[PDB]
Amino acid sequence: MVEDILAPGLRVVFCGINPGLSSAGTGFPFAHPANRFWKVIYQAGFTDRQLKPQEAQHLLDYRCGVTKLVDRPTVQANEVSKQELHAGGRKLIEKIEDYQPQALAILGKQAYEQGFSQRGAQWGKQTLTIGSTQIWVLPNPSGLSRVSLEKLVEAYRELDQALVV
DNA sequence: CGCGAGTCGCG
């Protein structure tokens, strides 16, 4: 099982589909060294250095959170049904109403659409909100995505900069 | 008419 990293007052809550088979075992989000997440949020600007999955809890210090749509671990994100994704979204909504982050960031275009029942969603900011929490769709940091690091970084960077203080 | 559903080839 992979515990959530949430707290009130966060500026961003990162959300993935489900745990990979490596992450599941370690009990850390995006634990497999092939997943660009940690490098991306670092380079994007969310952290002052590149954290290891071990230090995940220290994200709160930078006022960032992490969670997932579906708990069931899996090799590839595509093994999770829409049924599971749609249910996952419903529960995510509650956590957001609970912790009330400045922004919810879904890592997966399909994830978003399924989880929130939305069609033809575009990358970036969504008009959809959850109270004061704004919603974003960011490309998945998996090394399976043919999306380049340079692209991935910009995407997240836009959000960071988008959340002023 | 519209609408809502039913893999391949890419680094």
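The PDB entry lists chain A under the name G/U mismatch-specific DNA glycosylase, with Escherichia coli given as the organism. Turning to chain A, the UniProt record has this under Subcellular location: "Cytoplasm". One UniProt comment on chain A, placed under Sequence similarities, says "Belongs to the uracil-DNA glycosylase (UDG) superfamily. TDG/mug family."

Novice: Hey, could you run me through unusual backbone geometry in this one?
Specialist: Across residues other than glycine, the phi torsion is negative in most instances, and most of the peptide bonds are trans. For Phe-30, which is not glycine, the phi dihedral falls at a positive 45°. Positionally, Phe-30 belongs in the loop between α1 (21-26) and α2 (37-44). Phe-30 sits in the buried class, given a relative accessible area of 14%. Despite not being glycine, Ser-117 has its phi angle at roughly 50°, a positive value. Following the sequence through the fold, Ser-117 ends up in the loop between α4 (109-116) and β4 (124-130).

Novice: Help me understand helix α3 (residues 82-99), please; the structure alone is not making it clear to me.
Specialist: Residues spaced three or four apart along an α-helix point in a common direction, a consequence of the helix completing one turn every 3.6 residues. Its 18 residues place the ends of α3 25 Å apart at the C-alpha level, agreeing with the 26 Å of an ideal helix rising 1.5 Å per residue. Turning to α3, its buried residues number three or more, namely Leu-85, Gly-88, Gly-89, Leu-92 and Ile-96. In a view along the axis of α3, the buried residues occupy a sector of 110°, so they form one face of it. Exposed residues lying more than 90 degrees from the buried face of α3 are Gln-83, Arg-90 and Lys-91. For α3, the elements touching its buried residues are β1 (12-16), β2 (64-68), β3 (103-107), α4, β4 and β5 (133-138).

Definitions and cut-offs
Each chain's residues are numbered sequentially from 1 according to the written sequence, a convention that need not reproduce the entry's numbering, and residues without coordinates are excluded. Starting at A for chains and at 1 for ligands, labels are handed out in the order in which the entities are written. Side-chain numbers come from the whole structure's heavy atoms, not from hydrogens or water. Residues with missing side-chain atoms are left out of burial classes, side-chain pairs and their counts. UniProt positions are given in the numbering used here, feature names are shortened, and annotations may be inferred rather than shown by experiment. Elements are defined by DSSP. Helices are runs of H or I of four residues or more, strands are runs of E of two residues or more, and each kind is numbered from the N terminus. Note on exposure labels: buried denotes an accessible area under 20% of the residue type's maximum, exposed denotes more than 50%, and partly exposed covers the range between, all computed with a 1.4 Å probe on protein chains only. Every helix has an expected span of 1.5 Å times one less than the residues it contains. Arc, as used here, means the arc of the directions from the helix axis to the C-beta atoms. The contact criterion used throughout is that any non-hydrogen atoms of two residues lie within 4.5 Å.

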